[PDB]
Structures are given as structure tokens and as C-alpha cells.
């Protein structure tokens, strides 16, 4: 029983996930670090 | 997906085209939206469509459109008069909503194929209703409704008119009124009451013409049968006293230790038992 | 004991950092030992240089007390949650909020990130906890269950992915994909405020005012009971060296040998220059990535850093 | 009657529901409602009320007692039996449930049933008093062997000098003096030199005293004392006093030695 | 090749002792007794329990479709006019079809007159009637399969 | 999975326990559908 | 309106346990 | 000869101890003993649930188990590979669910699907005379300008077994 109501807030935004990069500080570096 | 149905609704054709709507209608009982199914049963038929949601059928064990039991094709009031009223279910408003909710979870957790608690009871049967249960499909039930222009004398579609042209039912007959909710809960159902009146006349159980008499006056024996048929049928009951046999009129008298056993053998027997593919009819004295 | 077990060096207080105006409720440390973050009743989130202890950056945007803070490992995000009701995702690339996860009915006490999947788990006073899809800001699942406020939640990769405890004193273990409970433990008499998962052993621990229990995985067989220090205890935290730290509302902190329940050290720490004696006790505490520093968040509006003593024996 | 009574019920019934909905908990509302329907002998309704109250707060022990009680008052033995089982299953620690459960079964006559219940109860390793009640239960019938068996488990579950003494005393009461002696031997053997004191050794002395083994008593008194801690001081004094008494039951040499 | 009398079924519930009618049906008796001796029935479950009808066991797979005879696979029935199912505790071999036999067997819980044509009566029980009623009363699912496992622990054939 | 194993008839007695309807293979209460 | 005085609001038939509740019924007022 | 429960050849109704000879429809749910031991009184608690779903009840469950060594295969994180399997299956299942939710945000089905049905009534006069029937299921076309048909707002109170708990001086009072 799911309503057809909506809201402004809900709509798509930032659908992409910013994965950390290598110089940002990817987990790979972290594991190796002392 | 796929409804729950009587064999009598579904149709007399084995090939069937059946359509489906996701949330078509509210169920007229628990009042929720539910998948609805239409199909054409036959050539002159009406396009039936499911009337109640699948859950409240599993609950009282019934066809979706007819609301007649799966096995017996009997209105619910009947098969409850036949076994167990104490199933119940709240009629009242927000209860109904609540109890339906919970029971919907309980059903969700079952093997899926079983009408919940009733089935624990549903096995033990045959008291009467088997004998009043209907045998063959009944197609007169799917006929199109009575044309209501013609029943005022006017209908201007002529022969084309898909409705049915004939005399309706006199509103006098108490069998007319027939609410849905009512037929569901087993309240004052005219049909069910009629079937109850029909149940009573079954010549059967009162017996007891005389005290202690275990004498069984058996009509319709036939000269194919032996006694050994009798004994190997009747040793289930108990300690026989004796058996008198007459093959000139083909009547067999029987005698048991207790009258109780004789009543039993009547009950179990009457208009039910047949052996040697030949009906074995019973009477007192 | 096994044999007067595992000698660990004592810790000393190394540094005291002021500069919150409210209670510091939460400390988290960044994946590279660069900066550690704090949530406060001040309504700010502050980021501090781990090394020097200087304040790098003050964020503003919560409306009420920030209660919980996590720095993602695989993405440059903070997550924070508050008494406000709001869980926010900050993109540390711009120092602004990019998403907000909406739907708890009361204060959110706690939150945590699944380490591989990209899903966020939160606890609220409203007795539920939620599994949020970080990417779409969507209530994947709602974990009904406890009868009071859920307090601390931890998330793990293996079996019982979600470990949670509440003020109703019972721990439930939640099977993530079902959003249903596999195990209920009822062995604390008073509110469970903190839990912690052991880095290597596949065990977990829970703390209550009365005592601290370890658990086997899955299904939480009972294992041990560390008894000693009795306070309303807000923090349990563990090093790879098997050092378990218990914070408390009365200010006290105790260090434990994870294996045995040997409580080697008791630290009672002075309250700040002003302050009042009653405003003592540590709301929370954490370990840098090197396991060489213990950071505590205190009601006296400070951050204390503890350093393991090198002369020790 | 027919309608007039009915209206009354709606006003009360509706009021009860309103009270519950307003406050939700505050189970005095739940209970009063249950009681009223019980009084009208609408006990199926009452059952549902109690179950609803349990859904709100299953830990509340008054609620459960009222529920079980209601069933018993209406002679609904099997309902009550179910309920009791649930109560002890979900709240095992509540001793009130166990005491009532066994009492009910005893009243019904089901000794076996009661025994079964007590065996379940004992698995929780409860409290001295519970064990006493189990033993006493057995002793309302002859069943002395059963009683002794229970004691054998009990003195290890709660290995307190006093309990051991009690066990020995039990044997004395029923004249199993051979076994009583053995029990004392076991107690002293078990506790060992490491820890034992006054009470047990005194009690053992008293036992042998009553057995008329005075020389043996002195042997025990002396040898076991020297074998262990002695002086603590109060205990030692008590022991000494006991010894003196035994002796009583030229010869005031230690009168001078104690003073000097 | 010994026709011993009683057979012993030490089950989880309790111990049941049975009398074989070597008199009427030696082949089936030999089958059952030999399997008992072998330990064939040890660890098996009473896979079907039908209240007020029967209890069926003797299937090492637990499926209701397994089991095999010392005669190899299936064998012939030993039907007999004196052997009818009147009363409870009657021991008989369970046959899918005529003259085909597997170890599986069943114990009546009541008079079952309609079964004579179908099955060969092995014998009769002697001790364990409380046991069989308690087994009979065990909760089962829709397929007559017990929710818990009621198993035979040790089978013995003296004689 | 051989014919011998797959199609071997289920052994021995049939329990009247089930109503004509109860005895039928099923997926969905009213019957079996696929 | 009839969720009260007609039909038992919401019904929980008690669960049934190792004993016989079939026989039991109760008296009027 | 006996004529009592105390004491096939008999050709008598005999019921030896207590097998019931008259209808009762008794409520009682069979007491059970498992293998060697115990009357399964814990069966109360399970009652609502399936056998599969676990529920702690006996005292033994409560009592502590010790040690387990530095490590044993007994406690370990399923493995890399189990995690990968679990994670992947989980991921797909969640995505399906999400797409359904997301269907709202983004306002077309064309499958004709056949099914074969066995009835449960049978009897040879019920159909024309077929043990089966076949039904072609078709999804009904929805009118895209149709408003939400029916009203969802209605609200009904939250539904209700507690796990066992297994967990004062006058002066203190």
C-alpha cells in the first residue's frame, strides 16, 4: 500500500558516490602505512 | 498471482484467458486493495471477477468469487453448522482491520497452503454435509444478469442484448436479500438456513423404536452377497451377538452386544455404505 | 588469569586541548592519522590536527547537539547525527553538506558505516535504528525491536552485521538483509550504552553501569564478565594490542586486558581549570590509527590526549 | 434487564478502553478492566485483556499473577497450567511464579508434575530457600531418598559450611547416623585444611559426643585443630568452650596456664 | 536362520518389546529380525505418525521411499485369513504395491479393517503401550512427518 | 539423478489423515500451479 | 460505533496449551 | 477375553490403555520427549514460530561456557569468499527492492504468461474432463491519466514472545 505522494526534498541529487582517490587517501595506502 | 477458485467458476472450458489488475478493487470484507482477476467462463457467461482478497479466503477457506468452501461448495454458515463456529473473526471495524493484519502475518509464516487454524479442524468431517454437499458443477450461477429494460417491457437492443430476458425472482422470497458481508460471516443467511432445513429431513439418526434392540432389519441385500461381507464390515463396531439371515426377501437381521453399536452401524451405514458394488440398506425391526 | 597475563604499560595524560563551548560528545579519527573530529553541544563540528592539537576547521550546520560523528574510509565524507533529528553527510571536498537522511522521529543517538557495502546505520531515541542507503538517501530497512532508545550501534562485515544496544538493557543482533533480529541478549541489568567489536578475535563487548560483558560470535555466547568499575559507562574502545578502555560519567577511566579482565590501570583525571567537579567524565574516546594515542571527549569541554608511558616497567 | 444491563456495560467498557488508550500503560487500568469483565463472567474477554496487557508490559509480575489467578478461580485448570509455564519461561528469575506453580500442582494432586517443575526450577541454581522448599516438598511424603539426593546436589551448588551441617543434621533427624558421620567426613575432606572453622568442626564434635565416643571426640578436636588454623580467635575460643563442656560431660591445669 | 521370539526397540521415548508370528509368516519375520540384528534400524526415525491410525518406521533414508530387504530390494507378501488388523499395536509390513516388500513397517494405533488386502502382518507387540501412545501423540506437520525426531536407538532380536 | 531414485514410489501406507483435497500436491491452497 | 457493543473490538482468542479448553463455558449475569 | 484396557485374534474393539473411542476434539498439543530425555516444555514459546527460528528458554542456555583458547576454527569471520557471496547476493536483492521504491519517482509491461493448474476438486464431471486446465495470464492495461484509486491514510494500532531475562536492604531503600 504505497502512496503516490511525493516531496521536493526527496528527488534525486548527488546520485554519484565520490570514491576516495589515491592522493585523497584511498584505503590501499592506509593499510600499507606505518 | 493466480486466484483461488471454485471449479465451478473457473469455467467448463479447460482453455481460459484471464486478466489481472494489480490493485483493482477493495475487498468487500477486509477492505483492502488486492489483485483482481477477470476471465470469461463460457459462451453465454458473465465475466466473473474475484470479489474478495486472497487472505480472507485462506482465512475462512473459500473461493474468491463465490465464497463457497473449496471442498464442499457450501456457504460458510453451513459448514460451520457442520463443525465449528468458534473460528470467529471480529466483524467490528478497527478490530477487523487489526485481526486481519496480524492474521496476515501468521499466514505469511505458514507453508502457504492451508487455511490457518481451521485446517487443523477441517479434516474431521462427513457428519452430514458430505451428504448435502453438491456433486456436479452448477453453471446456472454464472448466467448474465436479468435485463432490466426488458423486465420493464422495453429493451431496445433486441436479440443482441447480452443480458437475459426472463422473469425475475419475486422480492417476496426471503432467499432474495442476500448481503455479501452477511453470507461471509454466517449470519441469518437465507440459503444456509434452507440447506439446514433440508439437512433435518434426512431420514437417519433418531432411531430408537424400542429399548436395547440391536436388531438390524436390512433391506436390499441381494443374492450376490455373502454374510462374510457383513461380518468383515461390521467387526469394526464391537462384539456381535449374532446375525439372522433371510435370502427369500433378501433381508438380513443383525444383533450386537449394545444398542449403541447398532445406532452406530445405522449412522455409519444409512444411505452411505455400499459393498459388492451394491447398496446395503438398513432399517429398525 | 592465565599466568599474571600480558604486561601492558601504563598510560599518562599527554595533552589537554580546550576550545569547545559545549560538551564534547563525540570523537572520530580520520583514516590517515591526519585529523581527528569532534561533535559538540556547541553545535559545531571541529576538526583538529592530531599531531599539534591545533584546531583546523570549525563546521556549522547542525541545529542542535551533535551526537555522533564518522569519517568514511572509502569516501571523503563525514557523517554526523544529532539531537536535532538530522543525519548529515558532509563532503569534505567542499566542507559542505551534500546530503541529509531524513526520517527518525527523535534524536539520533548513534551511527556507523558498513565497511564495504556503502550503507549507513543509525540509532534513535524513537527505539528504532535505520539502515540508510548512502547513495540514495533511502531507508533500506527499519529495525524495530527494542522498547527504549537505542544508544550505541556497531556495524561489521561478517555475520550479525549490525550490533546494537539500547537503554532497555537488551542487545539485539540484526541480520542486515532481513532487517530482523537473530539474537537477543538480555544479560545486562541496566542500560547498555556502549559496545565494541574486537579487531581480530571475532568477539564483542558490551558495557552497562553494572558491568561489562564479552561475547562470542555469532549468537553471543556469554564468554566473560569484566567487573570492577561501576559508573554509568559511556565508552568502550579497543586496540589491536588487546587494550580495552572504559570511560564513565563520573570521570573515571579504566584500562583492561581484553583477554582476562585484568584491570591494570585506573585513571581519574582532573577537571578543567574552571568548571565544577560534577562536570566530569568522559563522553567518548578514541584511538588514533597507530594505537599510540588515546583521545577523550569530556564534559569539562576538553579534549585530552593520553600517551603510553615509555619508561613504564 | 435485557437492554438496560447492556447499556451499563457499554459505558463501563468504553470508559475502560478510553482510559487505556489515554495512558497506554499504567497497568492498574488494564487490571481493573480485566477484573470487571471477570466479575461478569465474560472470561473470554478477560483473557484477551490480560494478553493485551502482557503485550504492553510482559515483565510486570502482578499482572501475571492476576491472570493466572483469574483462570484458577474459574476452575480453568489447563489455562492456568499454560500460563504458569509461560510465566516461568519468560521470567524465570521470579520466585513467586515458581512457588505458586508448584503449589497449584500439589493442590491438584499431581505430585509427579510438581516434581518435574521443581527439577526445572533447580536448573536455575536459585536460592537457599528454594532448595529448602523442594526438600520440604519431598518430605511431605516419605520420600527420604529423594530428599537426600536433593541435598547431595544442593550442598555442591551452594557449598556453604552451614548447608553441609544442615545436610548432616537431616540425617541425624532420621537416625541415619552411619551416613551422618560419613557426611561429616566428606565435609571436612572437601573443605580441607585450607579454609575450615568453628562451626562444622563443633557440629561434628557434638555429633560424636551424642554418639558417646568421648575419646574419639577428643582425638578429633585435638588432631583436626592442630592440623589447621587455630588461635579466628573468637572461633577458637568457642571451640575451646565446646571442648571444655565435652570434658565436663588437678583437672584445672589450663585455668592456671591461661591466666599466667 | 533362527525364529527368535521377541524383538527389542529401544527408542528415544522408551523401550518396546515385540512378538513375531513365525507361525504365520517366517519370511517377513526373518527379514525384520535379521535387519534388527544387523543394526539396520538403529538411528532411524518414525517418519510417519498418524494419530489414531498408525506409526510407520523402518526407513534408513528418512524419506518414506527408501529401505531394502535382506532378500534384496522387495519381496512377496504372506497374506493369511487369520491375519486382520483388529486392534492397536499390530506389527505389519508397509507395501506400496502387492508382493513388493521393504523393511519399512508400521504399528497400528487402532482397528484398521480396510488394510488387510494391502499388508502382511509380522506379529504383535508385548511391552510399550504407553510408549506408542506417547509417540502417537507427537506433533506432526501436514505430511504426517513429526516436527521433532522420534528415533529408534537400538534394535535387538533375542530367541 | 536416475529414474530408479527419482521416481521410486513413496513407501507403504497412505494415511487417511488427509481429505481428498488435502491429499493433492499443492503450491497455493486451491491446487498446484506453475 | 459497533466496534464496541456489537462485535468484540479486536479479538485474541487465547492460545491453546497441553490441556482441554473445549469443555469450558461460563454463566450469565 | 479381558474386556478392559488393563489386560488381533480377539476380534473385539479393545482399546488397551487410553486410545480414545469417541470424538473429543481436545485442544491439547502433544507433549513430547526428544530422544532420551525431556518433556519439551519449551515447546510453549516456539508455538507461534516455525521450528527453524530459534528461541532460548532452558537454564542451560543461560549458563556460561569458558575459554575457547587464543583462537579455534570455532570463532572466525566466515571468510573472504563467504563474505563476497553474501555481499553480492545482498546487493542484488536490495537493488531490486530499491527500484520498486524508485518506481514512484519515475512514472510499460508486455508479458503474456501461461499457467497450468491442477484443481483439488476433480471428479471427472468438474471440467469437461481434464485433470488440468491452462490459463493465459495477461496483465491489464492501466490508464496513465487515472488518479490514485483508493485511500490509504487509515491507521490501526501497532501489533503485539519476550525472551527470558536471564540477568534491596532496608537502609538502601
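Letters are used for the chains, namely A, B, C, D, E, F, G and H, taken in the order the chains are written, and counting of residues starts over at 1 for each.
We adopt the following convention: contacts are C-beta pairs under 8 Å (C-beta built on N, C-alpha and C of every residue); 3 or more make two chains touch, one makes a residue touch a chain.
To keep track of the chains, here are their UniProt names: E = Peptidyl-prolyl cis-trans isomerase-like 1.
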Contacts common to chain B and chain E (chain labels): F, H
Minimal step count in the chain contact network, chain A to chain G: 2
Required minimum of steps from chain B to chain F, each step between chains that touch: 1
Most centrally placed chain - per-chain CA mean versus overall CA mean: H
Chain centre separation in whole Å, for chain F relative to chain D (CA means): 55
Gap in Å, rounded to a whole number, between the CA centres of chain E and chain C: 63
Approximate Å spacing (C-alpha centroids) for the pair chain C, chain G: 50
Between chain C and chain H, centroid-to-centroid distance (C-alpha), Å: 37
Touching two or more other chains - residue numbers and ranges from chain H: 11-13, 25, 27-29, 31, 44, 48, 101, 115, 117, 119-121, 163-167
Contacts with two or more other chains, residues of chain D listed in rising order: 51-52, 78, 82, 85
Residues of chain E touching at least two other chains: 84, 86, 111, 142
Interchain pairs in contact, sorted by label: A-C, A-H, B-E, B-F, B-G, B-H, C-H, D-G, D-H, E-F, E-H, F-H, G-H
In the complex, chain B residues that touch chain F: 2-5, 57-58, 70-71, 112-115, 119, 122-123, 125
Contacting residues of chain H [partner chain E, same complex]: 8-20, 29-37, 40, 51
Touching residues (chain side chain H, partner chain B) in the complex: 11-13, 23, 25, 48-50, 115, 117, 119-121, 123, 125-128, 130, 132-140, 142, 149-150, 154, 156-157, 159
Chain G - residues contacting chain D, complex: 4-5, 8-21, 24, 26-29
Footprint of chain G on chain B - complex, ascending: 88-96, 98-99
